[PDB]
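Structure incoming, see below.
To keep things simple, chains are lettered A, B, C, D, E, F, G, H, I, J, K and L as they appear, and every chain counts its residues starting from 1.
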Amino acid sequence: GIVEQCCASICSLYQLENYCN
Amino acid sequence: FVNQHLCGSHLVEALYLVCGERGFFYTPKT
Amino acid sequence: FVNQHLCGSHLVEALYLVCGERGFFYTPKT
Amino acid sequence: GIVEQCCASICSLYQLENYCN
Amino acid sequence: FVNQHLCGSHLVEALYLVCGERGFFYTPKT
Amino acid sequence: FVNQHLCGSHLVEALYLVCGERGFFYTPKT
Amino acid sequence: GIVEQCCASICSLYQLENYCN
Amino acid sequence: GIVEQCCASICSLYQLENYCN
Amino acid sequence: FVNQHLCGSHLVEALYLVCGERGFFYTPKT
Amino acid sequence: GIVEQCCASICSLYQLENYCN
Amino acid sequence: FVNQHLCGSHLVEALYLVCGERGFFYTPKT
Amino acid sequence: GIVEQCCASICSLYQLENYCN
């Protein structure tokens, strides 16, 4: 999920926008 | 946008602003 | 007016501490 | 939702926990 | 009104940086 | 509630919300 | 206290240091 | 104190409430 | 009034995430 | 500046990026 | 003032309050 | 710069005020 994708590793804005609804 | 690890409340706040009036979901359990 | 945008960041920060691993959804739409 | 019940008046932790999963 | 609850979080955050190791007490009661 | 280490300003903010109109004391020196 | 002197007007670092221990 | 109990190690809500006044 | 001091902290926090390594200048003076 | 255009109304990421370097 | 490492948004917020109406510059690229 | 002086190492208030404008 988000912790693994964005905290453990880095997330581009497009990727962080996958968690918008 | 910023290019670094965003954890805990800094991830929630990054979500809050990126998403705008769409809102988001924060699901940390894995 | 007052400011529900500034209040919303505080709100999602508060929900990160209260919900913990249950996570949440923030929808200012109802 | 939460913006109209908790930005117009103060919400305790307990009132905030209602909006969790 | 304005919002002294949202202001209070900013206030205690500001006091964490200013007081450092002297610490503080936050009492909105007087 | 969240089940993780809360340090610096994240501890002050967790205190701020947990305690409500009671207020709190932040004393980091030990 | 601090809520009535610093939320009604801006308080500098110096005014905030008065409420430390 | 609080740093040692809640930052070095983890604090339950009851324990964090020991630092309320 | 409303509160542009409390809004300014949110503003510079938002700019830290948006600008990343380009950095910024915050001047409430114009 | 930013305080009068973004505290009086909401500014998206895109409107905020205008004030970067 | 606090005597510890201040990183990311905690550095921007320390700047925000220290500087007051003077404003500041945040330039993280080196 | 600031990251190197204030995040990698620690900054006194005087030093952090070098980054005020």
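Note that in this section a residue touches a chain if its C-beta (ideal position, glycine included) is under 8 Å from a C-beta of that chain, and two chains touch if they have at least 3 such contacts.
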Inset, instruction - Write down the chain pair in D-F, B-J or C-D that repeats the interface of I-J; the criterion is over half of the contact pairs matching by residue number. - result: C-D
Legend entry - Chain pair with more C-beta contacts, I-J versus C-I: I-J
Legend entry - Centre-to-centre distance between subunit K and subunit I (centres being mean Cα positions), rounded to whole Å: 12
Legend entry - Centroid spacing, where centroids are CA-atom means, of subunit E and subunit L in whole angstrom: 24
Legend entry - Whole-Å gap between the CA centroids of subunit F and subunit H: 7
Inset, instruction - State, to the nearest whole Å, the distance from the C-alpha centre of subunit F to the C-alpha centre of subunit G. - result: 20
Inset, instruction - Check each residue of subunit D and list the ones that touch at least two other chains. - result: 7, 13, 21
Legend entry - Multi-chain contact sites of subunit B, meaning residues that touch two or more partners: 1, 3-4, 8-9, 13-15, 17-18, 23-29
Inset, instruction - Name, in rising order, each residue of subunit H that touches subunit F in their complex. - result: 1-4, 6-13, 16-17, 19-21
Inset, instruction - Using the touch definition up top, name the residues of subunit K that touch subunit L in the complex. - result: 1, 3-8, 11, 14-15, 18-19, 22-30
Legend entry - Of all residues in subunit B, those that touch subunit J in their complex: 1, 17-18, 20
Legend entry - Contacting residues of subunit I [partner subunit C, same complex]: 2-3, 6-7, 10
Legend entry - Complex contacts: residues of subunit E adjacent to subunit F: 8-9, 12-13, 15-17, 19-29
